[PDB]
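S.K.: Here it is: the structure, laid out below.
2 protein chains.
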Amino acid sequence: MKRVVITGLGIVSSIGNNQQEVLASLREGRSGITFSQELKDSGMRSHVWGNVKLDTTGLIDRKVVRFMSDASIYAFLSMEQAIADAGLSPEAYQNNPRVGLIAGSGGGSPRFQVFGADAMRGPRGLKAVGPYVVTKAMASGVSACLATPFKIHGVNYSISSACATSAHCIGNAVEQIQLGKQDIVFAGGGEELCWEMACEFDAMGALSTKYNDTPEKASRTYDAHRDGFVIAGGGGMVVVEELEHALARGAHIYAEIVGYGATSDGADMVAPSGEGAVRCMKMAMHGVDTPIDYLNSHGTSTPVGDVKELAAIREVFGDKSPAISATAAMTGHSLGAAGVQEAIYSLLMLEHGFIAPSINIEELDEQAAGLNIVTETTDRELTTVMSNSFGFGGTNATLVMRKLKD
Amino acid sequence: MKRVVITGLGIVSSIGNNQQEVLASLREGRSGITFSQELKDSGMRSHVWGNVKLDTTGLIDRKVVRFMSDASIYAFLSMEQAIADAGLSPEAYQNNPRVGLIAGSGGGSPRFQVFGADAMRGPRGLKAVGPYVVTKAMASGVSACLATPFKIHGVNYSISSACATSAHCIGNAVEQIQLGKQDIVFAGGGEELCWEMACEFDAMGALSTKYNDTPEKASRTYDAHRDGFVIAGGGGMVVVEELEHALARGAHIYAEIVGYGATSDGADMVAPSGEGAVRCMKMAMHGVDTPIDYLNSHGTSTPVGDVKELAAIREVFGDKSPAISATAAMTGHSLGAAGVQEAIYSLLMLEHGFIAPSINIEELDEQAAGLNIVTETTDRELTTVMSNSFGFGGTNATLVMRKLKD
Ligand SMILES: [N+]
Ligand SMILES: [N+]
Ligand SMILES: [N+]
Ligand SMILES: [N+]
Numbered sequence: 001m002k003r004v005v006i007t008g009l010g011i012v013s014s015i016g017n018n019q020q021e022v023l024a025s026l027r028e029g030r031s032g033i034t035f036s037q038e039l040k041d042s043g044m045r046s047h048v049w050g051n052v053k054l055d056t057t058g059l060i061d062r063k064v065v066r067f068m069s070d071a072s073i074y075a076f077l078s079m080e081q082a083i084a085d086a087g088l089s090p091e092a093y094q095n096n097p098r099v100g101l102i103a104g105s106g107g108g109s110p111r112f113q114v115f116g117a118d119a120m121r122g123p124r125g126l127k128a129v130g131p132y133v134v135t136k137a138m139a140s141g142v143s144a145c146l147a148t149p150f151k152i153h154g155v156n157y158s159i160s161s162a163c164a165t166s167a168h169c170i171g172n173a174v175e176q177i178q179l180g181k182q183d184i185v186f187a188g189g190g191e192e193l194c195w196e197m198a199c200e201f202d203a204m205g206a207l208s209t210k211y212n213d214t215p216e217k218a219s220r221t222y223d224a225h226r227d228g229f230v231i232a233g234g235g236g237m238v239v240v241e242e243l244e245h246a247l248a249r250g251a252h253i254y255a256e257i258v259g260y261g262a263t264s265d266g267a268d269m270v271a272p273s274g275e276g277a278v279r280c281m282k283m284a285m286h287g288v289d290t291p292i293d294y295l296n297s298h299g300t301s302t303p304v305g306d307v308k309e310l311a312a313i314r315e316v317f318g319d320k321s322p323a324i325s326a327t328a329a330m331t332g333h334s335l336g337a338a339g340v341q342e343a344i345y346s347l348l349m350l351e352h353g354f355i356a357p358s359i360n361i362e363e364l365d366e367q368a369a370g371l372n373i374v375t376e377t378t379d380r381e382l383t384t385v386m387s388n389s390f391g392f393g394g395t396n397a398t399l400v401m402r403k404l405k406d
Numbered sequence: 001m002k003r004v005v006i007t008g009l010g011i012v013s014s015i016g017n018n019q020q021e022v023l024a025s026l027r028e029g030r031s032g033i034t035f036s037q038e039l040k041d042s043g044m045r046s047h048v049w050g051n052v053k054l055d056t057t058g059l060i061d062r063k064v065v066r067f068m069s070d071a072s073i074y075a076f077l078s079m080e081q082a083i084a085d086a087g088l089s090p091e092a093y094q095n096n097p098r099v100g101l102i103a104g105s106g107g108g109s110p111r112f113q114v115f116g117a118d119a120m121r122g123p124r125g126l127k128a129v130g131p132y133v134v135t136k137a138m139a140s141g142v143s144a145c146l147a148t149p150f151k152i153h154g155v156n157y158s159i160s161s162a163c164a165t166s167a168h169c170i171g172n173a174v175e176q177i178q179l180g181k182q183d184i185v186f187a188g189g190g191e192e193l194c195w196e197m198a199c200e201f202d203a204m205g206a207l208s209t210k211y212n213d214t215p216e217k218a219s220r221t222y223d224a225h226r227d228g229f230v231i232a233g234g235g236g237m238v239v240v241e242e243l244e245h246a247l248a249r250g251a252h253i254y255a256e257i258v259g260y261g262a263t264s265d266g267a268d269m270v271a272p273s274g275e276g277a278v279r280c281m282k283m284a285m286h287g288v289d290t291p292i293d294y295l296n297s298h299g300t301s302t303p304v305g306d307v308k309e310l311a312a313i314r315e316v317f318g319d320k321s322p323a324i325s326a327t328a329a330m331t332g333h334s335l336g337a338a339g340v341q342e343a344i345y346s347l348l349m350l351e352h353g354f355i356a357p358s359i360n361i362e363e364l365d366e367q368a369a370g371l372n373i374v375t376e377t378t379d380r381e382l383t384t385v386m387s388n389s390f391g392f393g394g395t396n397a398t399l400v401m402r403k404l405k406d
């Protein structure tokens with residue numbers, strides 16, 4: 001079938017408002033986690049988050065941003081970055097049936113959903129709600145709010161799969177190109193950061209709560225003292241393009257997507273079975289004649305999750321396990337945006353030949369023994385990288401990206 | 001070039017809790033719209049809805065339903081029906097990497113998102129929120145809550161595209177089969193019915209508000225006095241299966257999915273451009289050399305939307321316009337669940353050889369002149385049918401289904 005490559009990327013995360021800032025943070029093992037007064041004031045036990053340090057005010061046209069929630073804003077900014085980074089101009093991607101958009105969020109916008117209900121319950125009712133809540137709270141807000149202003153004419157929808165959301169978006173974009181339906185598909189997602197949504201995760205005890213005094217140490221994937229993930233927000237977008245089309249326009253190709261796995265655990269609702277992850281990684285590795293040099297694990301810094309994935313990794317690679325690092329230890333877990341952001345971190349590592357450190361590992365978990373977990377920025381000529389994304393509902397996504405040629 | 005067919009269906013809608021009840025309602029032109037005290041008490045102007053007339057209490061295992069919102073409950077029930085209808089035993093679809101599930105909702109669960117925020121702000125805080133809000137509120141709730149209990153091992157995620165949601169789910173399922181990645185994919189969706197979400201639509205003036213005294217006459221697609229859609233809830237699921245696989249096990253085949261269109265308007269956020277719909281239908285008709293005998297329009301009973309779609313239909317078919325009826329006049333518009341429910345209504349019309357009436361047209365809109373809008377149940381041997389689904393954000397989906405031979 002058609003070969004697919006990534007020709008542009010854009011990102012707004014807790015560790016950088018663009019790929020340059022993100023690159024700098026990854027190289028330095030810099031944490032994007034900070035103390036959140038908002039989370040504390042809400043009554044939560046987790047008082048830390050990976051927030052986007054960016055004043056979005058005036059960055060998007062008033063008539064466009066009025067329909068957007070933060071997830072959409074983050075994705076929109078990421079898309080603007082990816083478009084420029086891909087070297088694409090309106091005449092090329094706008095009003096083009098061959099150019100699509102597949103991007104979503106894990107929870108749409110709890111903030112505006114609550115805003116709507118709060119306003120409605122007030123004395124002004126519908127007048128207080130306003131006519132822009134649907135597009136903001138809508139589960140497809142991210143795709144709707146981007147496809148419209150960017151004049152996308154091809155595929156247009158969101159894929160939702162919790163923590164695997166943007167990973168499946170990328171995989172689905174790849175499929176659209178392999179099916180010969182699209183030449184370019186902007187894929188990714190965004191996730192707002194708010195107590196409205198964060199309290200739901202805290203309520204199930206999934207968030208870190210023992211390190212509120214030392215925010216940068218809260219997310220500690222593989223550390224024996226980890227106690228939950230640190231919620232994060234942000235966006236990411238990559239330009240997925242058919243190989244010949246990219247070469248024809250002399251695009252800059254970060255890597256080719258040579259593998260995409262999407263499986264289901266069909267077991268536990270909020271806990272990984274590991275079995276699903278094994279099949280997912282194997283599916284993404286099928287046909288890949290090159291070994292995985294680096295693996296950006298899901299590793300959100302959870303007691304059971306972290307180890308379950310490592311067990312799956314050991315089962316897939318055996319004694320030939322690749323270098324592993326969980327960027328979440330630095331960035332936190334951006335839920336729906338995690339897939340594309342982590343795919344981007346992996347692409348930056350592949351592009352700049354280095355492995356980002358898995359920080360805050362003061363005491364490696366006993367179940368992370370015979371594995372190569374990189375805890376220090378290491379320069380290395382990577383060729384093939386893998387990124388795993390596992391969300392609630394036992395949904396798994398794995399992407400394998402490899403350098404093209406020369 | 002794998003061929004894809006529908007071998008089972010399940011539905012929970014305002015006009016029936018199974019395909020038999022729905023069949024009867026369709027043939028009788030029975031309205032599923034009722035007065036809603038809940039909507040009225042919330043302060044809304046629209047006091048009518050297409051509610052699911054069923055008490056789901058006890059229909060789902062306690063340990064399973066605890067993670068579900070109404071959208072998931074409706075989809076789950078629909079899936080049970082679809083599995084039984086397809087004659088699939090547990091050992092035939094469970095723990096099978098070749099069996100997937102793609103189902104979503106338009107807004108996840110505004111009710112539980114609001115519940116979480118409300119509980120969190122109360123005297124109990126996190127204790128009142130509970131550990132089940134995430135799976136209920138997340139956008140992928142429908143796929144997550146079904147893939148897990150049904151032991152799905154293949155693809156598992158939700159497609160979100162507002163009112164086109166479940167249509168894109170079906171189309172994506174078709175693609176998975178065409179890609180040879182799955183043999184069977186359960187596709188569909190669900191949508192809860194609540195003021196929390198409904199008030200958002202009312203706040204933008206999208207809902208009918210002039211017929212609260214006569215609920216069954218509120219939804220009146222193509223009527224000159226239509227004033228907005230009537231919100232509805234419910235679920236639907238279809239068993240999308242590779243042709244050879246279905247034939248091998250002697251499954252009952254409703255129809256082959258011979259066309260699937262998915263496009264984007266790249267124009268207005270809450271209004272259809274018509275141009276996108278034209279491309280969507282044309283895309284779904286590629287290679288389909290049989291005429292469309294019946295077209296189930298999106299037709300939600302909105303002033304602009306109703307005629308915008310009719311114009312697109314005229315552009316696509318010209319002087320060969322098919323018989324048209326908007327089932328939404330009877331059922332109301334179930335947002336994310338509309339795609340699959342309407343595909344199911346179309347499949348029932350195809351299976352039973354009749355065209356459901358487009359009711360409540362007391363005065364046909366002047367822009368509908370020269371069209372074959374069916375206003376009375378008509379027995380007819382249909383062979384190829386088309387169903388359109390358009391959502392906010394300019395997202396379009398079209399499905400074309402055709403009866404297989406003998
Ligand atoms: N992650
Ligand atoms: N990852
Ligand atoms: N509809
Ligand atoms: N439809």
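Order-wise, the sequence lines are chains A and B.
Note that the authors' numbering numbers the first sequence so that position 404 is 404, with each residue one more than the last.
Note that the authors' numbering numbers the second sequence so that position 142 is 142, with each residue one more than the last.
The beta-carbon is built from N, C-alpha and C at its ideal position, and this holds for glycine as well.
1. Using the C-alpha atoms, what's the distance from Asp41 of chain B back to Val278 of chain B?
2. Assuming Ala82 of chain A and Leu146 of chain A make a contact with CB atoms under 8 angstroms, what is their CB distance in whole Å?
3. In chain order, what are the residue ranges of uninterrupted alpha helix (DSSP H) at least 4 long that sit wholly in the segment 23–50 of chain A?
4. In this structure, does DSSP put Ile253 of chain A in helix, strand or coil?
5. Using a threshold of 8 angstroms, state whether the C-beta atoms of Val340 of chain A and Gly106 of chain A are closer than that.
6. Use the C-beta contact count for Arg124 of chain B: other C-beta atoms within 10 angstroms, 16 or more gives buried, fewer gives exposed.
7. From this set, B:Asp70, B:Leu382, B:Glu196 and B:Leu399, which residue's C-alpha is nearest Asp293 of chain B's C-alpha?
8. Residues of chain B with CB closer than 7 angstroms to the CB of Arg98 of chain A, please, in chain order.
9. If you follow the alpha helix (DSSP H) that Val64 of chain B is part of, which residue opens it and which one closes it?
10. For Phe390 of chain A, report the span of its alpha helix (DSSP H) as first-last.
11. Under the three-state reduction of DSSP, which class applies to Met237 of chain A: helix, strand or coil?
12. Any beta carbon from chain A within less than 8 angstroms of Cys280 of chain B's own beta carbon?
13. Using the beta-carbon count (16 or more within 10 Å), is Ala167 of chain B buried or exposed?
14. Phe67 of chain A versus chain B: which residues are under 7 angstroms apart at the beta carbon?
15. With H, G and I counted as helix, E and B as strand and the rest as coil, what does DSSP make of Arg226 of chain B?
16. Going by CA-CA distance only, name the one from A:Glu315, A:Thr263, A:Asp265 and A:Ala343 that's closest to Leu295 of chain A.
17. Do we get a CB-CB distance below 8 angstroms when we pair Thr135 of chain B with the residues of chain A?
18. Considering only heavy atoms of ligand 2 and the C-beta of each residue, which residues fall inside 6 angstroms, strictly closer?
19. Pick out the complete alpha helix (DSSP H) segments inside the segment 285–340 of chain A, 4 residues or longer, and give them in chain order.
20. Please state whether the Cβ-Cβ distance between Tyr211 of chain A and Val48 of chain A is less than 8 angstroms.
21. What I want to know is whether the C-beta of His333 of chain A ends up closer than 7 angstroms to one or more non-hydrogen atoms of ligand 1.
22. Counting only beta-carbon atoms, is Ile231 of chain A nearer than 8 angstroms to chain B?
23. Please classify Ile159 of chain A: does DSSP put it in a helix, a strand, or coil?
24. Classify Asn372 of chain B as buried or exposed, calling it buried when 16 or more other Cβ atoms lie within 10 Å of its own Cβ.
25. With a threshold of 16 other CB atoms inside 10 Å of the CB of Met1 of chain A, please say whether the residue is buried or exposed.
26. Using a threshold of 8 angstroms, state whether the C-beta atoms of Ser160 of chain A and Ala139 of chain A are closer than that.
27. Excluding five sequence neighbours on each side, which residues of the same chain lie with their C-beta closer than 7 angstroms to the C-beta of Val65 of chain A?
28. I'd like to confirm the pairing. Which residues does DSSP put opposite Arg402 of chain A in its beta bridges?
29. State the Cα-Cα distance for the pair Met237 of chain A and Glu191 of chain A, rounded to the nearest angstrom.
30. What's the call for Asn95 of chain A, buried or exposed, on a 16-neighbour Cβ count within 10 Å?
31. Check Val52 of chain B in the structure and name its three-state DSSP category.
32. So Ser297 of chain B packs on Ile257 of chain B, CB below 8 angstroms; how close in whole Å?
33. Which residues in chain B have a C-beta closer than 8 angstroms to the C-beta of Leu101 of chain A? List them in chain order.
34. Skipping 5 residues on each side, what residues in its chain have a beta carbon closer than 7 angstroms to that of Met285 of chain B?
35. Can you give me the Cβ contacts of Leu350 of chain A inside the same chain, cut-off strictly under 6 angstroms, excluding the 5 residues immediately before and after it?
36. Near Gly100 of chain A, which residues of its chain fall below 7 angstroms by C-beta distance, leaving aside the five closest residues on each side in sequence?
M.R.: Answer, in terms of the structure:
1. 40 angstroms
2. Contact doesn't hold; Cβ gap of about 11 angstroms is too wide.
3. 37–42
4. coil
5. no
6. exposed
7. B:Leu382
8. By Cβ distance, chain B contributes nothing, its closest Cβ being about 11 angstroms from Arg98 of chain A, past 7 angstroms.
9. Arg62 to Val65
10. Run containing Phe390 of chain A: none in the alpha helix (DSSP H); it sits in the beta strand (DSSP E), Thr384 to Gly391.
11. strand
12. Not closer than 8 angstroms to any Cβ of chain A, the Cβ of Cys280 of chain B fails to qualify, so no.
13. Counting the other Cβ atoms within 10 Å of the Cβ of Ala167 of chain B gives 16 or more, which makes it buried.
14. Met269
15. coil
16. A:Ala343
17. It does; some Cβ of chain A falls within 8 angstroms.
18. A:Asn296, A:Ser297, A:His298, A:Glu342, A:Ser387, A:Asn388 and A:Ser389
19. Listed in chain order, they are 303–317 and 328–331.
20. A contact, by the Cβ cut-off of 8 angstroms.
21. yes
22. no
23. strand
24. exposed
25. exposed
26. yes
27. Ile73
28. A:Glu256 and A:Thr384
29. 12 angstroms
30. exposed
31. coil
32. That pair is no contact at about 18 angstroms.
33. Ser264
34. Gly259 and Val400
35. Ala255, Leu382 and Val385
36. Excluding residues within five positions, the ones whose Cβ falls inside 7 angstroms are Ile152, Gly154, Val155, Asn156, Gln176, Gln182 and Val185.
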